[PDB]
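Next come structure tokens for two forms of one protein chain, structure 1 first, structure 2 second.
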Structure 1
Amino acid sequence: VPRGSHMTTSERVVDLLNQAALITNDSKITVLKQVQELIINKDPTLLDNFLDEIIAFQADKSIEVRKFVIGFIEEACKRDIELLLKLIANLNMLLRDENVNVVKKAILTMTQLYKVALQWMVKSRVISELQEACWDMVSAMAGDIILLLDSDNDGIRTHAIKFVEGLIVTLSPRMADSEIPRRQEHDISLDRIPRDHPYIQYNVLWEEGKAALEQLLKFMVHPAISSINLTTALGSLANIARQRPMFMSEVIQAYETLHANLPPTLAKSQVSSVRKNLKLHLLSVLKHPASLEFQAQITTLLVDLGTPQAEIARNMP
């Protein structure tokens, strides 16, 4: 940027905001992404200052512009979680956008932010009424996403499933046999939450996580479940079993149920697609050290799906 070394960052940011206002097409996102980089990474002390000017674009007619705003909210809260106090309302209204792509993007963002806010709540020594109300908002938004399992849009259902997956993992304890993705090493989980915490109740969360799981198992036996929703769910159950092996029992039961009762609304090629994924996820749970207690059952399913004996052995220890 010519004479960029002579600028204050706040001047650069104002210039760029006014430039973005001048642009009447999606190339404005390029500009707005420069602004994001500046006030989130280069000089985060300028975040609050300029927040409203970026959030104002939430009412742009462009789909992509609104998706960029959601992305910005995610990164802003990651940099300084206290901004959730004034951004949880914006995010929830974006969750109710008329365009499904914007809704799906808000769901993915909540998949990232629910666990960051919960850590915020847990690390806090003292909590304002405003902070309590923010947790209530986050928490009821989670419930709203769970209810999107019953949306009439297949893509919104898929995204809800991934949010529910994340929630179940967050709301249950890591154990000795958990396989934890490296990206997620420092994510909060149940065991991390003090039993005597002043505001967050361990047993409440535990019951909410189990109830999110039961919701998921219910949804998987819904009689019109789509090909894609069912494969998304089967994959999530495999993630859940690998990261939270106390549920492996539940997952194997789900797979047994599904194998014996394929939803009959699936077209021929959908049945095939689903069976291939069931096999794939079964092998995957097999490889997990905790599958020892389920090994005969998993083997029997695998044989019924035509898995060769040598392919089964290949996925043992």
Structure 2
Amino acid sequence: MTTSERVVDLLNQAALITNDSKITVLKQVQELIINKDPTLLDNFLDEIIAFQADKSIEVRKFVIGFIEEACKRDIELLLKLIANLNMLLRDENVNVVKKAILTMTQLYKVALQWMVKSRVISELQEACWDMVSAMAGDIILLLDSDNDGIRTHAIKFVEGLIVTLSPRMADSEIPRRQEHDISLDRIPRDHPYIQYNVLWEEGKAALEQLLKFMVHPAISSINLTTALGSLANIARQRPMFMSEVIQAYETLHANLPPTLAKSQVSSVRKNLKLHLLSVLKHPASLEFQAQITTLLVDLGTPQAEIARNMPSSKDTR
């Protein structure tokens, strides 16, 4: 029997399995159609995507993972799969939503790169980009989800967005895994469709949402520390934002979220200090030395710890 005959037989078996172990069979299918005979991907998309209706949470999560792998293998499948991903982002179960946010964090930057490399934008490709972009806007709105784990994942997606939609600079720290990710500097300024200025504004607006979130008197401990880490990552990857990040830290410290200001205060300060020190260690910090140092002392950072983390101006070259 042929590969596509095997795929049909596995799919028919997966349909008879009544527990999550059907994912074993679906991953066999995914390996056949994504890696063994990639030409089959197109032919059996419908069959895999059909499992987005499965009642099992792990099965819907599998389908989100599958969409990510398929779009990473052929980004144009995003044309037929963005709508299914949008349904999973609105899932009734928060674990499916979280997994869909993870996936958008990966796929947004790849759809954008694809738009940026197209000189002529088809109707399908335009509606696909419109949807990618409303989904990003909806995930930013998820900063106000009533679910703590969703807000946490939204923070990370928003972090990734701010970094995508701002330019790399010469002293930008770039985690090696993100070396080849698109950023604003890699966007031609006369692309007829994707407008540089608009994406910049959009990155700035995303950052303003994340700064406001950070300050909010009602956010939780896990959200706060995720946001603090995100802001620190942003300041080191995009040093043009360092000022705004330092200021956000000053502001959080002046106005502690009432629920975290007594028994939890030691923890919040230790967290704020650890993140602030990571910013200080970045050479662009030398421009804000008095402001950072003053904030570090006010948090009760020992002098030795400030001194140890101060970058040399040699690292400014």
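Just so we're on the same page, residue numbers count up from 1 along structure 1's sequence. For the two forms, the rigid core is made up of the largest set of C-alpha atoms that agree within 1.5 Å on superposition.
Just one of the listed positions, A254, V271, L51, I63, moves its Cα by at least 2 Å between the two structures when the rigid core is held fixed, and it is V271. Look at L305: with the core superposed, its C-alpha moves 2.8 Å between the two structures. On rigid-core superposition between the two structures, the C-alpha of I127 is found to move 1.3 angstrom.
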